[PDB]
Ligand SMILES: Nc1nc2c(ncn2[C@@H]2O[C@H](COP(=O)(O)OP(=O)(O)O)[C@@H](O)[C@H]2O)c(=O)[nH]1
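Here we start with a single chain on its own, the form deposited without guanosine-5'-diphosphate, put down as structure tokens.
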């Protein structure tokens, strides 16, 4: 009954907890190695290299930890302006966040991400100022007045996580420039796509697929290994009555979508493609969701015929989309960090074994000297602490290795 996006939230929380323990462990071990290094009675048990390596791992773990805390899921939407992809995004957010009707920004990338505060703000590329806006209307007007937003720029919208859906669960949604006969989608991939976990082609259901749209996804599929691609066929206005043959038009369009995904792109097979193509009416869903959030009862509002079956298809898309992106992003965003943590634990373990073995050698050498009355070897009690502590630290590294292994089995299946 819970959102699939919680899988990503839970993975991030778990790997972040592990990195907190890693930092604390390495911090304790760095203090131990340094005290051992400085101890005048001890000699050549810990080395300067041991000390510098340990301090280095402490700094690396802290930096990596902060990188981890900003990992997120990203979906990018593509299509013609008249396809309604802005309204798809808004319906998914349960509120009108992306403005409509502003011509020159349809040349731009519009990112939506959550902020922890109660005030939305806007950032534009090349500037560091956060422009505060209190409503989507003020956001619209701010964008409408900014004529410097030339083609290809990135507009970053920060919207209060508490006020809408998805953003609180570390999803970023990107609306791309409206595809047309003049757009050149060459630099789009490296711009804001090699990091997108899901690509969504939004087409108009009354329309066939553009050659430019298909060419772009051929480019995506070349550049990336098995990218996740959805096709949403969007009805602009569900209340507008259509003639009879428009069910066979939609049927014909379903087959063209299947053929594109399965035969042309070859990104998915016929069965999986069934769960990558949806027929939605986003403006209708958005308007219903805004009435709902305001406390209006559906029983009192006038709904177009077939609303409930269309709402269900939008919900089915959201469910399948959220399963896809959460499962995909966890492996993409956290795997290399998990591998790096194992490498650090291995090297830290080797340092503790080195200390332990040197402390072992010294106490044997001290005992051999004492046997030649029978004196208790020099510093034998200090060596016992050095030796035992290094062993305990080494054992703690094993425990953390097992923790990363459980994280791997639970969140990074092969």
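Here the rigid core means the biggest group of C-alpha atoms that line up within 1.5 Å when the two forms are laid on top of each other. Positions refer to the first chain, counted from 1.
Separately, the form solved in complex with guanosine-5'-diphosphate exists; it is not shown, and the next lines address it.
Asks: Taking the pose of guanosine-5'-diphosphate in the deposited bound form and superposing the surrounding C-alphas, is this site open or blocked by backbone or C-beta atoms within 2.4 Å of 3 or more ligand atoms?
Replies: Placed partner shows the pocket blocked.
Asks: If contact means any heavy atom within 4.5 Å, which of 127-135, 211-219, 316-324, 276-284 contacts guanosine-5'-diphosphate in the deposited bound form?
Replies: That would be 276-284.
Asks: Heavy atom to heavy atom, is residue 81 within 4.5 Å of guanosine-5'-diphosphate in the deposited bound form?
Replies: Taking the distances in the deposited bound form, the answer for residue 81 is yes, it comes within 4.5 Å of guanosine-5'-diphosphate.
Asks: Just to confirm, residue 190 within 4.5 Å of guanosine-5'-diphosphate in the deposited bound form by heavy atoms?
Replies: Result no; residue 190 lies far from guanosine-5'-diphosphate in the deposited bound form.
Asks: Please tell me whether any heavy atom belonging to residue 335 falls inside 4.5 Å of a heavy atom of guanosine-5'-diphosphate, as the geometry stands in the deposited bound form.
Replies: No, residue 335 stays farther than 4.5 Å from guanosine-5'-diphosphate in the deposited bound form.
Asks: Looking in the deposited bound form, any heavy atom of residue 306 within 4.5 Å of guanosine-5'-diphosphate?
Replies: No, residue 306 stays farther than 4.5 Å from guanosine-5'-diphosphate in the deposited bound form.
Asks: Can you pick the one in 289, 74, 253, 85 that has a heavy atom within 4.5 Å of guanosine-5'-diphosphate in the deposited bound form?
Replies: None of the others qualify; the residue that does is 85.
Asks: Of 237, 248, 116, 263, which residue is found within 4.5 angstroms of guanosine-5'-diphosphate in the deposited bound form when only non-hydrogen atoms are counted?
Replies: Comparing distances to guanosine-5'-diphosphate in the deposited bound form, the residue within 4.5 Å is 237.
Asks: Within 4.5 Å of guanosine-5'-diphosphate in the deposited bound form, which residues of 92-107 have a heavy atom? Give them in sequence order, or say none.
Replies: Sequence-ordered list has one entry, 103.
Asks: Compare C-alpha positions between this form and the one not shown after fitting on the rigid core and state which of 272, 255, 247, 222 moves by at least 2 angstroms.
Replies: The only residue crossing the 2 Å threshold is 247.
Asks: Taking the rigid core as reference, does the Cα of residue 192 move 2 Å or more between this form and the one not shown?
Replies: Stays below the 2 Å threshold, so no.
Asks: Aligning on the rigid core, do we see the C-alpha of residue 405 shift 2 angstroms or more between this form and the one not shown?
Replies: After core superposition, the C-alpha of residue 405 moves less than 2 Å between this form and the one not shown.
Asks: Look at residue 105 and decide if its Cα position differs by 2 Å or more between this form and the one not shown after superposing on the rigid core.
Replies: Yes, its C-alpha moves 2 Å or more.
Asks: Compare the CA separation of residue 278 and residue 239 in the deposited bound form with the one in the displayed structure, and answer closer or farther (the difference is at least 3 Å).
Replies: Here the pair is farther apart than in the deposited bound form; there, closer.
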